[PDB]
Each structure stands twice: as C-alpha cells, then as structure tokens.
Amino acid sequence: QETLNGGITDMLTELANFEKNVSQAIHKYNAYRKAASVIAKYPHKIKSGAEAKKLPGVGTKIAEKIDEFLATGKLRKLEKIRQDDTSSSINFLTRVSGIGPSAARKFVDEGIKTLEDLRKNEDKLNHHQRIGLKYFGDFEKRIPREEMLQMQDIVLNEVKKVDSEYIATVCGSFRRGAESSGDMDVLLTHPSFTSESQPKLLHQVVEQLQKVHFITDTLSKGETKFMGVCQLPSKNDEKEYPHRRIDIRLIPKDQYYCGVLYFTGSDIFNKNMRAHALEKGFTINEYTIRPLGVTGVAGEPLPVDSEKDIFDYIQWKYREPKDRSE
DNA sequence: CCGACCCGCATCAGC
DNA sequence: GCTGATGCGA
DNA sequence: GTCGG
Ligand code: NA
Ligand code: NA
Ligand code: NA
C-alpha cells in the first residue's frame, strides 16, 4: 500500500530482481524499476491495469500483472519463482557485494547456495566477494544522515591534512538533503590534475584515510577510482558502528563540477537538465558541457569553475542541491 | 518489426 | 607476459 | 519489459 500502491511497487521490484539476477535481462530489470518509480509517484490507489497502462513505462504486460494482483492479491508467476529453489538461491547470493548474476549462477550450479555455503568455500571467492561476505549484514543497513554528516567531516578534514589544495565533495542523495543513504560517494580533485596534465593524488588520500583507520578494506583501487569500506570510530564504550561502503573518485579539476552535478542528481533532475541543455544548443555529460554547431557537431568544452556556471550557460536559475529532486 | 535502453577496476579467456 | 572480454558496481 | 524509429 505505502503511498497508495506499495503492493504493486513491491511486486514490480521483485519481478525486476528476478529479471536482473536470474534471467540476466538487465533491460527488463530497468523496465520494471522505472514502472515502479512512476507508480510510486502516482497519487491514486490504482484500480485496474488499464488505468496503470496510461502511465509512461507501464505497458501491456505490467498492466496485466496489475489486474491479476488486484483481482487476487497475488501474482502466480511471482509465487512460483518464490518457491523455486534455484531462483531464490541465485537471488539471495547476489545480495553479496561482488557476486552478480554470473557468479551466483555458477555457485548455485555447484551447490553453493547459502551464506554458510559461501563461508565454507572462501577459496572459491575473489577478494571483493570475501569482503562483501564479511560485511553482508552491515552493507544492507541504511546510513542515517547524522552518521553521513560525521563521515563527511572525517573525509573533508583528512583530505585537508594531506594537501590544502584538494577539493572534495560528498555527493549522492545525501547532498540533496536525504535523511539516509545507502553508501558514501566522494568526488575529489586537485588543481595539478587537469584533462591535459602530480602522481599518487588518489593514493595519498586513500592512504591518509587508512592511516586514521576510517577506511578499513579495499574492494578496488586504481589511479582515479577507489571502492572500499569505512567505519566511524566507536565511543570506547558504546556499540560499534556498522561498516559502510565508500567510493572515492578523482576527477580532473576542469571536469569536477560537471561530475559533482552528475553525481549529485537526482537521476530525473539530470535527464531534465540534459534535455533542456539540448533545446538550448548545448550537450552536457558527466564531464563537460559543450556547444552544438548548426549541424549538431559538438564543439569544445566550455570553462566550468562552479556548479552555477553550468546553469548560467543554459539560461537556468541556479537550483540548490536540496531542490534537485527533479 | 525490431533495436535502444548510460565506464574504472579485477579477473578471466585467449594468444 | 600481453590484449581484449566479461563481470561487477553504482 | 516498454518505447519509438
Ligand atoms: Na504506458
Ligand atoms: Na551482488
Ligand atoms: Na546485489
């Protein structure tokens, strides 16, 4: 029920997960999600599939499943997937970070189906999957904004202790003011790092955060992207905080604010802004805004030294992150 | 009728 | 050893 | 799965 249509939204999200994890049909997965997002925003209790079909992203098949769900309170197809041992095991194992549909299938094919089975077969797991297994429960917890604020202060301070010239921004829905987050997404830059130009810039920051024991584990790390695990320090007497997922991305200074814009979102806000930028003769991606010639040929990137600059180019009043829900 | 639907890093396949 | 494909994660 | 060239 939720905000009028949670049963339908829950059903669509479950169908999405089966498409992604078991059938390996990622476009169907995203079709079901989009339909769930549209419906979640529809401010009426839907009464028929035909009503739902009017909404963009709902077609004949989702309408039919909505009719069945309304008439009966259930979907047959979803009921049989639920009791299928292979589908439910594949679905479950993909909850481990680093285990996607392919690894989940091979594990289930070899009788590895549960966390206990994984705990028993560690040598069959790569490094990422072992870390995802170790923190299985913590990684499914949301992060309250209160903790994200603290996490933000540590990153910004540690970054400044390495080099005062680093610029670091915590983006994601947290930057839009969200009351919880699923992970922490940090965008980093330094004036010595441009698209046309000093080494170890990402490494130095990751190392600092490891030294003070904020970053506890590494999932992947190269010269421009780090994915890992972090944890707030304990009060010495209170319960330990859960381990959290954190990504850090090093971006060229001249592309920084286009990245900050992109990764702050929302996704709906980004599609809308790109769509408006096109109808003004501009193309914006996660790195640049460039003017379009009369035949549609993208010209050279325009200078960008703030988020505002981007809004100025396309004749749009600046909108605070708080106001970028769409 | 039928193709679109948006890359960094770890690891495998193959050479 | 290397190059390119694949899986994965957001 | 849904949309649209
Ligand atoms: Na529709
Ligand atoms: Na997974
Ligand atoms: Na998953």
Side-chain angles (χ1 to χ4, degrees), chain A residues 8 11-27 29-39 49 52-66 75 77-78 90 93-107 123-133 135 139-140 143 170-174 181-188 202-203 206 217-229 244-252 255 258-259 262-268 270-271 273-275 278 283-288:
Chain A
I8 292 171
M11 154 190 98
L12 296 179
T13 295
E14 218 177 325
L15 284 177
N17 296 327
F18 164 95
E19 289 300 343
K20 172 160 75 71
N21 309 319
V22 180
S23 72
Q24 287 177 46
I26 192 81
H27 302 304
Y29 159 74
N30 286 306
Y32 279 117
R33 299 202 295 100
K34 160 165 100 123
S37 291
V38 188
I39 290 177
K53 183 166 217 303
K54 299 186 199 301
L55 304 178
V58 183
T60 299
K61 289 295 199 263
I62 289 177
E64 297 179 353
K65 303 143 129 44
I66 290 172
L75 268 182
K77 169 230 279 212
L78 198 51
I90 291 173
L93 290 187
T94 61
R95 287 166 58 186
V96 184
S97 181
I99 296 179
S102 183
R105 186 97 82 101
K106 297 206 244 289
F107 285 138
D123 62 326
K124 303 214 173 3
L125 274 57
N126 59 41
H127 179 66
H128 186 146
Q129 298 171 332
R130 298 193 173 100
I131 298 302
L133 172 61
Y135 302 123
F139 283 4
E140 294 199 325
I143 312 175
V170 178
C171 301
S173 61
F174 164 79
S181 302
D183 54 20
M184 180 169 258
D185 190 43
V186 185
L187 271 64
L188 179 75
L202 180 53
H203 176 70
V206 172
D217 305 89
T218 301
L219 292 177
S220 55
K221 173 168 130 59
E223 284 173 31
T224 62
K225 178 170 118 277
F226 169 89
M227 307 187 17
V229 187
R244 313 289 199 183
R245 279 276 295 109
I246 176 174
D247 294 349
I248 301 169
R249 292 175 242 257
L250 182 67
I251 307 181
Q255 298 178 0
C258 276
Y262 186 45
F263 292 106
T264 290
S266 88
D267 281 338
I268 299 180
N270 288 336
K271 313 207 201 66
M273 204 168 135
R274 297 194 172 187
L278 290 180
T283 182
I284 299 174
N285 56 35
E286 90 155 52
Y287 315 103
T288 59

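Each chain gets a letter, A, B and so on, in the order its sequence line appears, and its residues count up from 1.
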Take the protein atom CG of A/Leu219 and the nucleotide atom P of B/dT11, then report the distance between them rounded to whole Å.
11 Å
Identify each atom pair where a protein N or O and an N or O of nucleotides 3-5 of chain D are less than 3.5 Å apart, giving names and distance.
| from | atom 1 | to | atom 2 | distance (Å) |
| --- | --- | --- | --- | --- |
| D/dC3 | OP1 | A/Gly57 | N | 2.8 |

Look at all strands and tell whether A/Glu223 reaches a base, only sugar-phosphate, or nothing, counting heavy atoms closer than 4.0 Å.
sugar-phosphate
Mind checking if A/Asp185 touches a base, just sugar-phosphate, or nothing, with heavy atoms under 4.0 Å?
nothing
Checking all strands, does A/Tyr262 fall into the base, sugar-phosphate, or nothing category for heavy-atom contacts under 4.0 angstrom?
base
Considering only atom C1', compute the distance from B/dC6 to C/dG9 and round it to an integer number of Å.
14 Å
Is A/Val96 touching bases, backbone alone, or none of the nucleic acid, heavy atoms closer than 4.0 Å?
sugar-phosphate
Partners meeting salt bridge (charged side-chain N to carboxylate O under 4.0 Å, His left out) with A/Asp185 (sequence neighbours left out)
A/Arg249
Could you pull out all residues at least two apart from A/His203 that satisfy side-chain contact (heavy atoms from CB on, under 4.5 Å)?
A/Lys200, A/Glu207, A/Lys221
What is the nucleic acid contact for A/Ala35, judged by heavy atoms within less than 4.0 Å: base, sugar-phosphate only, or nothing?
nothing
Distance below 4.0 Å between A/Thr224 side-chain N/O and B/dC9 OP1 or OP2:
yes
Who are the side chain to side chain donor-acceptor pair (under 3.5 Å) partners of A/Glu286, not counting sequence neighbours?
none
Could you tell me whether A/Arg249 contacts a base, only the sugar-phosphate backbone, or nothing, with contacts defined as non-hydrogen atoms closer than 4.0 Å?
nothing
Checking A/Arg274 now: which residues fulfil side chain to side chain donor-acceptor pair (under 3.5 Å) with it, not counting sequence neighbours?
none
Residue list, side chain to side chain donor-acceptor pair (under 3.5 Å) with A/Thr60, at least two apart or on another chain
none
